[PDB]
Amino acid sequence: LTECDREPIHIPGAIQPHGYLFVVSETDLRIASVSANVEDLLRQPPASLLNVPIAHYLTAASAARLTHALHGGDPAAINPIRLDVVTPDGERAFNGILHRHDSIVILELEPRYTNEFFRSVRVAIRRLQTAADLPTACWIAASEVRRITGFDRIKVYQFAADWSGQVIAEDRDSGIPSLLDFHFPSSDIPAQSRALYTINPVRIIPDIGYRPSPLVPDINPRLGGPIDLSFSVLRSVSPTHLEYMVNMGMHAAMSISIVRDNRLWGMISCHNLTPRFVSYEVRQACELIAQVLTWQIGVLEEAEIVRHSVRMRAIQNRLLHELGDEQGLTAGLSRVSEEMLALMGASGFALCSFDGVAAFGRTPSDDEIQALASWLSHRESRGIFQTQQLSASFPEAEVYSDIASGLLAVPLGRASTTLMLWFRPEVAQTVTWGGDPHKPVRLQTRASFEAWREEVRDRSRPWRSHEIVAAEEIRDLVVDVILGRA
């Protein structure tokens, strides 16, 4: 497990030959380190070229652009820089991808779009923005990716709390295999890969079986440690993970992080049969989709709540009056119980006092919710508690599996414990993974990615964010009436 976490993926001393790197002390822009693969391009030796002014390499026009872009700077949205390299053959040019990190400066060379193009992306974005829900937004995101990257398969993979994931949307060309609901374990994106991706959000491997060029030399020329190659686009990628890809059987891979409030939310993973490369530009457009999709994630969240303000208004009104006039509160509840229970996805709900309990629907008896309450107190919040699987973190609960696998708990008090608990019952479901996910490898890639299935119990259906808000708006009501009457 944690052995997977421990590799340095950021320092390999190597790259991907579909491009050419350089490191520079900037003052006159002297090549402080360069990559092996350079020789096929200028036909000269390798360490010879160290401490050499880059500029005589660059057509006049080009060289000047480089220098400016460095302090060009506004707003470090200088990439890509169109360069032309002076050479033995004659006129041939590049896209240049420059960055600074750890007091050294890196420049990478990569291969070189119209009014028709922007429009393609504009409409990508429109569709995404007008998506009705999250599953649908993800799909639009997958295909618009697919459409503009020409890849055989796009997946939107979203992390679960445990850093296991699930492919929640896919789009593939006719005659390409599918991973469309598959889960995969945390081993698959180790804690370090993950954390790198949270700040470097796009990466590509245009041929998964590349010829790794190393660096002449591999040292930081101004701080003298290992070269930290994190924000290099050409940074050669862990061999571990590499065979992994011939295993899936895809001869190219790209992926764009989905980052949401600085926590990685998921990835767009992209697979093609033949090797394939697409220009920086397209990856940029991809990242801009990925971005929009991230933003949408929340607007869909706000929207889902609104869609449901209506029962809510109505129910408030009823609930209000129906509790309003009766000579008991506890009574007043019973009457609206069902529509409420129905509003929440729920089979039952309790109110546990220090001094008793009021139970409604499918719940555990009076004795044991007070047990449940007692337990709730310790948790490292006095805010809402929620889960689909109670017994995961409360093994005393495996018994209510049948009727409370899922619990929503809302305190009335600002930090008081007199609570409203909503229960939901088990719902068995079947999840499919890569292979025996109890056998994910530490060592190399596991052999197989064919569907493997597993029967989960003691778990309720997920709590939707908006049902939570209604719990709250409901506590808000019982709170008021509870107050109004002393």
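All residue numbers are counted from 1 along the displayed sequence.
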If I compare the deposited sequence with the modelled residues, how many are absent between residue 122 and residue 123: none, 1 to 3, 4 to 9, or 10 or more?
none
When you step from residue 441 to residue 442 in this entry, do you jump over none, 1 to 3, 4 to 9, or 10 or more residues of the deposited sequence that have no coordinates?
4 to 9
Compare the mean C-alpha B-factor of 194-202 with that of 320-328 as given in the PDB entry, and name the stretch with the higher value.
320-328
Taking the mean of the C-alpha B-factors per stretch from the entry, tell me the winner out of 100-108 and 296-304.
100-108
Whose C-alpha has the highest temperature factor in the PDB entry: 361, 80, 356, 266?
356
The largest CA temperature factor among 185, 175, 406, 212 is found at 212
Sorting the chain's modelled residues by C-alpha B-factor, tell me whether residue 59 ends up in the lowest, middle or highest third.
highest
Sort the modelled residues of this chain by their C-alpha B factor and say whether residue 446 lands in the lowest, middle or highest third.
highest
B-factor third for the C-alpha atom of residue 432 within its chain:
lowest
Residue 283 by Cα B-factor - lowest, middle or highest third of the modelled chain
middle
Entry-reported C-alpha B-factor of residue 339 relative to its chain, by third, is middle
